[PDB]
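Data block below; observations after.
Atoms within a ligand are numbered from 1 in the order they appear, just like the ligands themselves. Sequence lines set the chain letters: A, B, ... in the order given, protein chains first and strands last, and positions in each chain run from 1.
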Amino acid sequence: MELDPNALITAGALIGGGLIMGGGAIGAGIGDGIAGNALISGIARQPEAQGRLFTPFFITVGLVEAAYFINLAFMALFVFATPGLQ
Amino acid sequence: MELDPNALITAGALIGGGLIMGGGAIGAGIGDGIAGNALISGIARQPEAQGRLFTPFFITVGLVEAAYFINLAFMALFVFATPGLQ
Amino acid sequence: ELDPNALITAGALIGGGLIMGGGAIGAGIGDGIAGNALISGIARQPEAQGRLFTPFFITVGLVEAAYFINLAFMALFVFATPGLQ
Amino acid sequence: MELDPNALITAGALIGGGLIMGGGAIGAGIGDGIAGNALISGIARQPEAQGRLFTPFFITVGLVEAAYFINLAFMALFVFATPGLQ
Amino acid sequence: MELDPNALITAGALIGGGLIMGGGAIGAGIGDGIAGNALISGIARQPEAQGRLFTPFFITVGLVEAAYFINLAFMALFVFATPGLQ
Amino acid sequence: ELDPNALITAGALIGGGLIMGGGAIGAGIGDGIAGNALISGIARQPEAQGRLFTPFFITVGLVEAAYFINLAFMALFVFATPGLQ
Amino acid sequence: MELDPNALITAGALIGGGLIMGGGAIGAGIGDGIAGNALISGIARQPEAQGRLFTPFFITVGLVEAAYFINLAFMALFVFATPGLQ
Amino acid sequence: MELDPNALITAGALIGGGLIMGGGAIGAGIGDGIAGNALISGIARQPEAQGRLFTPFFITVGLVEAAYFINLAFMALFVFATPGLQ
Amino acid sequence: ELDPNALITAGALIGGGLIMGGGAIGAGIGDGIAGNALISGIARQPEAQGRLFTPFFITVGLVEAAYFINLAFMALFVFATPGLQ
Ligand SMILES: COc1nc2ccc(Br)cc2cc1[C@@H](c1ccccc1)[C@@](O)(CCN(C)C)c1cccc2ccccc12
Ligand SMILES: COc1nc2ccc(Br)cc2cc1[C@@H](c1ccccc1)[C@@](O)(CCN(C)C)c1cccc2ccccc12
Ligand SMILES: COc1nc2ccc(Br)cc2cc1[C@@H](c1ccccc1)[C@@](O)(CCN(C)C)c1cccc2ccccc12
Ligand SMILES: CCCCCCCCO[C@@H]1O[C@H](CO)[C@@H](O)[C@H](O)[C@H]1O
Ligand SMILES: CCCCCCCCO[C@@H]1O[C@H](CO)[C@@H](O)[C@H](O)[C@H]1O
Ligand SMILES: CCCCCCCCO[C@@H]1O[C@H](CO)[C@@H](O)[C@H](O)[C@H]1O
Ligand SMILES: CCCCCCCCO[C@@H]1O[C@H](CO)[C@@H](O)[C@H](O)[C@H]1O
Ligand SMILES: CCCCCCCCO[C@@H]1O[C@H](CO)[C@@H](O)[C@H](O)[C@H]1O
Ligand SMILES: CCCCCCCCO[C@@H]1O[C@H](CO)[C@@H](O)[C@H](O)[C@H]1O
Ligand SMILES: CCCCCCCCO[C@@H]1O[C@H](CO)[C@@H](O)[C@H](O)[C@H]1O
Ligand SMILES: CCCCCCCCO[C@@H]1O[C@H](CO)[C@@H](O)[C@H](O)[C@H]1O
Ligand SMILES: CCCCCCCCO[C@@H]1O[C@H](CO)[C@@H](O)[C@H](O)[C@H]1O
Ligand SMILES: CCCCCCCCO[C@@H]1O[C@H](CO)[C@@H](O)[C@H](O)[C@H]1O
Ligand SMILES: CCCCCCCCO[C@@H]1O[C@H](CO)[C@@H](O)[C@H](O)[C@H]1O
Ligand SMILES: CCCCCCCCO[C@@H]1O[C@H](CO)[C@@H](O)[C@H](O)[C@H]1O
Ligand SMILES: CCCCCCCCO[C@@H]1O[C@H](CO)[C@@H](O)[C@H](O)[C@H]1O
Ligand SMILES: CCCCCCCCO[C@@H]1O[C@H](CO)[C@@H](O)[C@H](O)[C@H]1O
Ligand SMILES: CCCCCCCCO[C@@H]1O[C@H](CO)[C@@H](O)[C@H](O)[C@H]1O
C-alpha cells in the first residue's frame, strides 16, 4: 500500500553507498594530487635520476587507489546485496 | 496522493547521487589545483622544463579525473537506473 | 497530507545542494591553490609572467570544469528531477 | 491539518540552501586565505615589484568569489523560488 | 499535539542554519590561519617588514571574514525570518 | 505519539551539532596552522620570538572568534530555540 | 505505543553529539599533526635551541585540545542532559 | 510490526556513532600523514637525525591517536550503551 | 508498512557509510601526504632511499590502521547491527 520496510532500507543503502563513494573520491582525488605534486616537482628538480621516483609514486597511488576501490566494492555491496534487506 | 515505496527510494537515490558528485568535485577540484600548483611552480623555476613537466602533470590529472568520472557514472546509475527500485 | 513528489522533490533539493556545496569547495580551494602558485611564481621571477599563464589557465580550466559539470547536474536534479512521479 | 507537501519541500529547500552556502563559505574562506598567503609572502620577498602580483591575486579572488556568489544565487533560488514547490 | 507544517519547516531551517554557520567557521578558521601563517613567517624572515605585511594580511582577512558574516546574515534569515514559513 | 516541539528540538540539536562541529574543525586546524608558523619562525630565528607573539595572537584571536561566535549560536539553537512552538 | 516525543529528540541529540565529536576529532587530529610537523622540522633544523620550541608547541596544542574537549563537554550535555527533552 | 521508540533512538545512535568514527579516521589519517611527512623529510635531510626525530614524531602521533581512540570509546558508548535508550 | 528493524538497518547503513567514507578520506589523503615526502626525499637525496623506507612504512601503517579499524566497525554496523530488534 504505502511504504514497505525495504523502501526505507534501500533509501538508507543508497545514502550509505553515496557516503562511501563520495568519501572515496575525496581521498583519491586529493591523495593522488598530493602524490603527483611531489612527482612533478621531483622530476623538475632531478630529471636524470627521476626513474627512482616512479616506484615510490606508484606505491603511493596504489595505496590511495586501493582505498577508492575497496570503498567502491562496499558501495556495490550496500546497493546490490544490501545487508539487512527484508 | 498516498506515499509509495519508490518515492522514498528515489529520494534516497538523489541524496546518494548528490553525495557521490559532491565528493567527486571536492576531490577533483582540489586534486587538480594541487597538481597544477607543482606544474606552475616548476615552470616558474625552470622555463624550458615546460614540456618535461606536462607529462607527470597529465598522469596526475588523469588519476584525479578518473575518480571524478567513475563517481559520475555511479551517480548516473543511482538516479537513472536506481538499484533497489520497486 | 503528503504526496510522493513532496518526498522526491525534498530529496532532489538536498541532493542538488550537496552537488553545488561540493562544487564550490572544490572550485574555491582548487582555484586558490592554482592562484597561489601563479602569484608565487611571478614573485620569484617577475617576468616569468607570460609563460605561467598557460599552465594557470589549464589548471583553472580543469577545476572550473568540475564546478560547471556539477552545476549542470544540480540543474537536472532540481528542474527535471529524475524519478519524479 | 497535519503536514502538507510544501512543508516537506520547504524543509528540503532550506537544508539544500544551507549545504550550498556552507560549501560556498568553505571554498571562499580557504581559497581566499590560500591566495592571500601567496600575496603576503610575495610582497615580503619582492616589495619593489609587488604591483605585478595584484592582478593575479584579484583574478584568483575573482574566481573564488564567483563560486561563492553563484552558490549564493542558487541558495536564493532554492529558498525564495523553490523549484518543485506545489 | 498533532504535528504541523511549520514544525517541519523550522526543523529544516535550523539544520540549514547550522550548515551555513558550520561551513562559515570552517572557512573562516582555516582561511584566517593560513593568512596568519604567511604574516608570522614573513615577520620572522624580515622583522622590519611587519608594517608592510599587515596590509595584505588585512585585505585577506577582510575577504575571509566577509564570507563568515554574509553566511551569518543568511543563517539569521533562515532561523528568525524563515523563507517559506506557513 | 509526536508533537511539534519534538521535531523542532531534534532539528535544533542537529543544527547545534553542525555549528559546533564546524567550529572545532575551523579552530583546531586554524590554530594548528598559526602555531606551525610560530614554531617554524622561532626555529629559524631563535630570538624572533618576541616580535612573533603579536601576529600569532592576532591570528589566533580571529580563529577563536569564529569558534566562540559559533558557540554562542549553538547555545541559542539548543537553549532558546528560535521557532519553538 | 508507537513513537514518543523523546525518541525523536534523543535521536537528534545523538546525531548532534556525533557531529560535535566528529568535528572535534577532525580539528584535533589535523591541528595537532600540523603543529607537530613544525616541531619535528624545527628540532631537525635547530637541535641546540629546540627548548624554545616547546612552549609554543604546547600553547598551540593547548588551543587545539581545548576545542576538542569543549566540544566533548557539549556532546556530553547533548546526550546526557539533553536540552529540550520532554 | 509497529515502530517503537528504541528503533528511532538506535538509528540515531548508529548515525551518531558513524559520525564519531568517520571524523576520527579523517583526523587520525591526515594528522598522522602530516606528522610522518616531517619525519620522512627530516631523515632525508639529515640521516643521523633519525633517532632524534622519532621522539617529537611519537609525541605528535600520541596526540593524534588520542583523538581517534577517545572518539572510538564514545562511538562504543553510543552504540552499545546508548544514552537515552527507553 | 514499516517495522523497527527497517529503521535500525537504514541507520546502520548510513552509519556504516559515514565510517567508510571518513576512513577513505583519512587514508587517501594521509597516504598521499606520506608518499609526497617519500618522493621528495628521494629526489633530494637519490640514495637516501633505503633509510626512508622505515619511516614511510611506520607512517603508512598508522594511517592504514585507521582505515582498517573503521572497516571492521562498518562491518559490525551492517552485518551484526548493535541494537537490532
Ligand atoms: C596496507 O594494507 C593494510 N595495512 C594495515 C596496517 C595496519 C592495520 Br591495524 C591494518 C592494515 C590492513 C591493511 C589491508 C589488509 C590486508 C589484509 C587483510 C586485511 C586488511 C587493507 O586494510 C588496506 C586498505 N588500504 C589500502 C586502504 C585492505 C582492506 C580491505 C581489502 C584489502 C584488499 C587488498 C589489499 C588490502 C586491503
Ligand atoms: C571560468 O568560467 C568557467 N570556466 C569553465 C571551464 C570549463 C568548463 Br567545462 C566550464 C566553465 C564554465 C565557466 C563559467 C561559465 C561561463 C559561461 C557560461 C557558463 C559557465 C562558470 O561556470 C564559472 C563559475 N566558476 C567561477 C565558479 C559560471 C557558471 C555560472 C554562472 C557564471 C556567471 C558568471 C561567470 C561565470 C559563471
Ligand atoms: C582563546 O580563548 C578565547 N579566545 C577568544 C577570542 C575571540 C573571541 Br570573540 C572569543 C574568544 C573566546 C575564548 C575562550 C573563552 C574565554 C572566556 C569566556 C568565553 C570564551 C574560548 O572560546 C576558547 C575556546 N577555544 C580554545 C576553542 C572558550 C570557550 C568555551 C569554554 C572555554 C573554557 C576554557 C577556556 C576557553 C574557553
Ligand atoms: C617504500 C618505497 C620502496 C620503493 C622500492 C625501492 C626498492 C627498489 O628500488 C628500485 O631499484 C631499481 C634497481 O634495483 C631502480 O631501477 C628503481 O629506480 C628503484 O625504484
Ligand atoms: C587537461 C587536458 C587539456 C590540455 C590542453 C592543453 C595541452 C597543452 O599541452 C602541452 O602544451 C605545452 C605548451 O603549452 C607543451 O610544452 C607540452 O609539450 C604539451 O604537453
Ligand atoms: C579557462 C580560462 C580561465 C580564465 C580566467 C579568467 C581570467 C582571464 O585572465 C585574462 O588572461 C589574459 C591572458 O593574457 C590576461 O592578459 C588578462 O589580463 C586576464 O584578464
Ligand atoms: C543551469 C541553471 C540555470 C538554468 C535553469 C534551468 C531552466 C529553468 O527552468 C525554469 O525555472 C524557472 C525559475 O527560474 C521556473 O519557474 C520554471 O518553471 C522552469 O521552467
Ligand atoms: C545546465 C545543463 C543541464 C540543465 C538541465 C535542466 C533541464 C530543465 O528542463 C526544463 O524543466 C522546466 C521545469 O523546471 C520545464 O519548464 C522545461 O520544459 C524543461 O525543458
Ligand atoms: C593569468 C594572469 C594574468 C594577469 C595579467 C597579466 C597581463 C597584464 O600584466 C600587467 O601589466 C601591467 C602593464 O601592462 C603591469 O602594470 C601590471 O603590474 C601587470 O599585472
Ligand atoms: C583583525 C583586526 C584586529 C587587529 C588588531 C591589531 C592591529 C595591529 O595593526 C598593526 O600593528 C602592527 C604592530 O603590531 C603595525 O606595525 C601595523 O602597522 C599595524 O597595521
Ligand atoms: C587572543 C589571545 C590568545 C592567547 C592564547 C593563550 C596563550 C597565552 O600565551 C601567553 O603569551 C605571553 C605573551 O608574552 C607569553 O609570554 C606567555 O608565556 C604565554 O602563556
Ligand atoms: C554558552 C553555553 C553555556 C550556557 C548555556 C545557556 C544557559 C543554560 O540554560 C540552562 O541549562 C540547564 C542545563 O545546563 C538547563 O537544565 C536549564 O533548563 C537551562 O535554563
Ligand atoms: C552565549 C551567548 C548566547 C546564549 C543564548 C542562550 C539563551 C538561553 O536563554 C535561557 O534559556 C533557558 C532555558 O534553556 C531559560 O531557563 C532562561 O530563562 C533563558 O534566559
Ligand atoms: C606566543 C608564544 C609565547 C611563548 C612563551 C614565550 C615567553 C617565554 O619564553 C621562554 O623563555 C624561557 C626563559 O625565560 C626559555 O627557557 C623557554 O625556552 C622559552 O619558551
Ligand atoms: C607508532 C608506534 C609503532 C612504531 C614501530 C617502530 C618503532 C621505531 O622506533 C624507532 O626506530 C628507529 C629506527 O627505525 C630508531 O632510530 C629510533 O630510536 C626508534 O624510536
Ligand atoms: C605497513 C606496510 C605498508 C607497505 C605498503 C605496501 C608496499 C610495500 O613496498 C615494498 O617495500 C619494500 C621494502 O624494501 C620495497 O623494496 C619493495 O619494492 C616494495 O614493494
Ligand atoms: C569485513 C567485511 C567483509 C566480511 C563481512 C562479514 C561477513 C559477511 O556476512 C555475510 O555476508 C553475506 C554477503 O556477503 C550475507 O549474505 C550473509 O547473510 C552474511 O552472513
Ligand atoms: C572485521 C571485524 C569485525 C567484523 C564483524 C562482523 C560480524 C558478522 O557476524 C556474522 O553476521 C552474519 C550476518 O550478517 C551471520 O550470518 C553470522 O552468523 C555472524 O557471525
Quiz item: Does a donor on one side chain and an acceptor on the other come within less than 3.5 Å for C:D3 and D:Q86?
Solution: yes
Quiz prompt | Distance, nearest 0.5 Å, that separates CD1 of I:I25 from CG of A:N71 | solution = 9.0 Å
Self-check item: E:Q50 side, atom CD; E:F57 side, atom CZ - distance, nearest 0.5 Å
Solution: 11.5 Å
Quiz item: Any non-hydrogen atom of E:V61 lying under 4.0 Å from ligand 10?
Solution: no
Quiz item: Between D:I70 and C:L71, is any pair of side-chain heavy atoms under 4.5 Å apart?
Solution: yes
Quiz item: Are any of the side-chain heavy atoms of C:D31 and C:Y67 separated by less than 4.5 Å?
Solution: no
Sub-4.0 Å atoms of ligand 10 with respect to non-hydrogen atoms of [X]:
X     : answer
F:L62 : 1 (C)
F:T54 : 14 (O)
E:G51 : 16 (O), 18 (O)

Mind checking what makes side chain to side chain contact (heavy atoms under 4.5 Å, CB included) contact with [X], not counting sequence neighbours?
X     : value
F:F57 : F:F53
A:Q46 : A:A49, I:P46
D:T82 : C:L13, D:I9, D:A13, D:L85

Where does ligand 8 get N/O contacts under 3.5 Å from the protein, atom by atom?
{"unit_1": "ligand 8", "atom_1": "11 (O)", "unit_2": "C:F79", "atom_2": "O", "d": "3.1"}
{"unit_1": "ligand 8", "atom_1": "14 (O)", "unit_2": "C:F79", "atom_2": "O", "d": "2.8"}

Practice problem: Determine whether the side chain, the backbone, both or neither of F:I58 has a heavy atom under 4.0 Å from any heavy atom of ligand 10. | Solution: side chain
